[PDB]
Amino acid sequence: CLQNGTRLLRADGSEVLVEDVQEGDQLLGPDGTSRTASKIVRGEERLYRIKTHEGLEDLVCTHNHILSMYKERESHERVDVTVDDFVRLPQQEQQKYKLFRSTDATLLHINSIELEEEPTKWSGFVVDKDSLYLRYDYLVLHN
C-alpha cells in the first residue's frame, strides 16, 4: 500500500491521488492498457521512504508493499519483492535491484530506504491483469 498523497494516473492520463481511487476505477498500466482497482483499504502506520539517486519523487509505502524491480544479471530480469524482504538484504545484493519507469535511462537506482519515525495514512487496493500501474511520473508500481 502507498502513502496518501501518492499521485497516480487514471486510464485517460489524468492524475488521481491514491486515496481518491474508488472501487472499479480505471488506472493506467505500463503498456498503456487499462487496469481496474478494487478492494480499497486504508490504514495508518510507520511507512518506509525510498529515495533514488535520480531526481524523482520519493516512494513511501508500507513494509509489506511489493516493489516491481529489475535485478542485474538481457542484463536484467524482472523481480517482485516486498519492502520487508528487500530491506533485509545486504546492501551488496541491494545494488542489483532497480526501480523502473515505463519505456516512453528508465532504470532508477535506490539511494536509501528507511523506516519513518512517525505513522502516516496509507491507501491500498488490488489491480487486475499484471497487477502493475503507473505513478504520475511513469514509475511502475505493483499492488
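Numbers for residues come from their place in the sequence shown, where the first is 1.
According to the record, 10 or more deposited residues between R73 and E74 are left without atomic coordinates. Per the record, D104 and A105 are separated by a gap of 10 or more residues from the deposited sequence that were not modelled.
Comparing 17 to 25 with 115 to 123, the higher mean C-alpha B-factor in the PDB entry belongs to 17 to 25. Taking only CA atoms, the mean B-factor in the PDB entry is higher for 30 to 38 than for the other of 63 to 71 and 30 to 38. Of the candidates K96, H53, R49, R46, the deposited coordinates give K96 the top C-alpha B factor.
Remark: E77 belongs to the highest third of its chain, ranked by C-alpha B-factor as recorded.
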